[PDB]
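A short write-up of the structure that comes next.
First the proteins, then the strands, lettered A, B, ... as listed; each starts at 1. All values below come from the heavy atoms of this structure, side chains included, with hydrogens, waters and symmetry mates left out.
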Number of protein chains: 2
Amino acid sequence: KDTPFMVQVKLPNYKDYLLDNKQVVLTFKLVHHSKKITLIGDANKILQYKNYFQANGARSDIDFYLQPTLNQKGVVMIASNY
Amino acid sequence: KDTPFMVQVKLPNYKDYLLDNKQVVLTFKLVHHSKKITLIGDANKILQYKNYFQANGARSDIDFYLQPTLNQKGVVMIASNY
């Protein structure tokens, strides 16, 4: 069956991210295949990302873990199928 | 411009991996996008994988890192574009 994976990607400010079409498509393929998503960064930034994926169809059986940080630039997303 | 990534996948023994076409194709998609590949597992097994990726990966700019362990169940592969 599917190869167990963990993918960590470095994402920009939510605003700039929406302007990077290739990055947006990549993150949605990641979410599509994941059962666990962790977002690390400023609390408001990671909420933007969480809500955006959920607003666009992310299943309720995907577990989102928010790790707020202080004075950290950007967002880190970790996606896993286990 | 490309999203910085690090992908960690769990692979079976080399001889079983060769029979999983979907897993073979996935690992070469990883190789094709990576600048660094780390293989963690039994010294003989991670060498088989390294040689396979070097011979058939069609990339000349990848740095391969070997981490021998005493684990006998498969190997862990970490692929990154930084």
Side-chain angles (χ1 to χ4, degrees), chain A, chain B residues 1-12 16-17 19-41 49 53 56-59 61-65 73-82:
Chain A
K1 48 191 59 185
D2 324 288
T3 297
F5 69 77
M6 285 178 84
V7 175
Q8 172 182 275
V9 290
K10 301 171 173 351
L11 296 173
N13 275 338
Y14 174 65
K15 192 266 174 303
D16 309 292
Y17 156 80
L18 293 168
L19 305 182
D20 189 329
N21 208 313
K22 202 163 95 59
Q23 194 169 60
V24 170
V25 171
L26 173 165
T27 57
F28 271 76
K29 300 231 207 156
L30 266 182
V31 178
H32 183 255
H33 285 279
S34 305
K35 54 182 28 63
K36 198 170 143 150
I37 301 299
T38 296
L39 297 156
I40 312 167
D42 168 285
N44 287 319
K45 296 222 199 63
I46 58 176
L47 289 165
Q48 303 251 27
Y49 275 107
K50 183 159 136 303
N51 293 340
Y52 172 69
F53 293 132
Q54 295 186 137
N56 281 106
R59 327 177 280 298
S60 49
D61 58 30
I62 287 180
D63 282 8
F64 288 90
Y65 303 74
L66 300 185
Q67 289 184 5
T69 67
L70 294 187
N71 324 125
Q72 254 43 81
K73 194 182 47 83
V75 173
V76 179
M77 185 188 191
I78 305 167
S80 170
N81 64 349
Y82 63 92
Chain B
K1 301 298 289 189
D2 288 286
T3 297
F5 69 81
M6 164 183 334
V7 175
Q8 176 165 332
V9 290
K10 172 42 182 54
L11 300 173
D16 302 312
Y17 152 88
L19 309 171
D20 190 337
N21 298 122
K22 163 206 262 243
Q23 191 173 70
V24 168
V25 166
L26 166 57
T27 61
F28 275 92
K29 301 189 184 153
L30 281 185
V31 166
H32 290 160
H33 286 130
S34 295
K35 305 288 166 249
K36 185 168 160 178
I37 291 165
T38 303
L39 293 155
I40 308 170
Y49 275 105
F53 295 146
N56 304 299
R59 297 309 175 251
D61 60 354
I62 305 184
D63 297 319
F64 286 88
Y65 291 84
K73 271 159 206 130
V75 317
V76 170
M77 167 195 175
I78 303 170
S80 181
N81 60 350
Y82 62 86

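Nearest heavy-atom pair across A:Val31 and A:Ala58 is CG1-CB, 4.3 Å.
Residues A:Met6 and B:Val7 form no side-chain contact, since every pair of their non-hydrogen atoms from C-beta on lies 4.5 Å or further apart. Looking only at side-chain heavy atoms (C-beta outward), B:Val76 and B:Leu11 stay at 4.5 Å or farther from each other.
Rounding to the nearest 0.5 Å places CZ of A:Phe5 at 14.5 Å from CE of B:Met77. Between A:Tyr14 atom OH and A:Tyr49 atom OH the span is 8.5 Å, to the nearest 0.5 Å.
In this structure A:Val25 satisfies the side chain to side chain contact (heavy atoms under 4.5 Å, CB included) test together with A:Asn21, A:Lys29, sequence neighbours excluded. Shown here are the side-chain hydrogen bond (donor to acceptor under 3.5 Å, both in side chains) partners of B:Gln23, two or more places apart in sequence or in another chain: A:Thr3. The side chain to side chain contact (heavy atoms under 4.5 Å, CB included) check on B:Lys22 picks up A:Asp2, B:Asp20, with sequence neighbours excluded. Residues satisfying the side-chain hydrogen bond (donor to acceptor under 3.5 Å, both in side chains) criterion with A:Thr27, sequence neighbours excluded, are A:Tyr17. A search for side chain to side chain contact (heavy atoms under 4.5 Å, CB included) contacts involving A:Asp63 returns A:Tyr65, not counting sequence neighbours.
Sequence neighbours left out, the pairs with a member in residues 51-62 of chain A that pass side chain to side chain donor-acceptor pair (under 3.5 Å) are A:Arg59-A:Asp61. Sorted pairs that involve residues 66-82 of chain A and meet side chain to side chain donor-acceptor pair (under 3.5 Å), not counting sequence neighbours, are lacking altogether.
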Sequence neighbours excluded and cut-off under 3.5 Å, please list the side-chain donor-acceptor pairs for residues 33-43 of chain A, or say none.
residue : atom : partner : partner atom : Å
A:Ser34 : OG   : A:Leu30 : O            : 2.5
A:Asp42 : OD1  : A:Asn44 : N            : 2.8
A:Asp42 : OD1  : A:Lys45 : N            : 3.3

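A donor-acceptor distance shorter than 3.5 angstrom exists from the side chain of B:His32 to the backbone of B:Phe28, with no hydrogens or angles considered.
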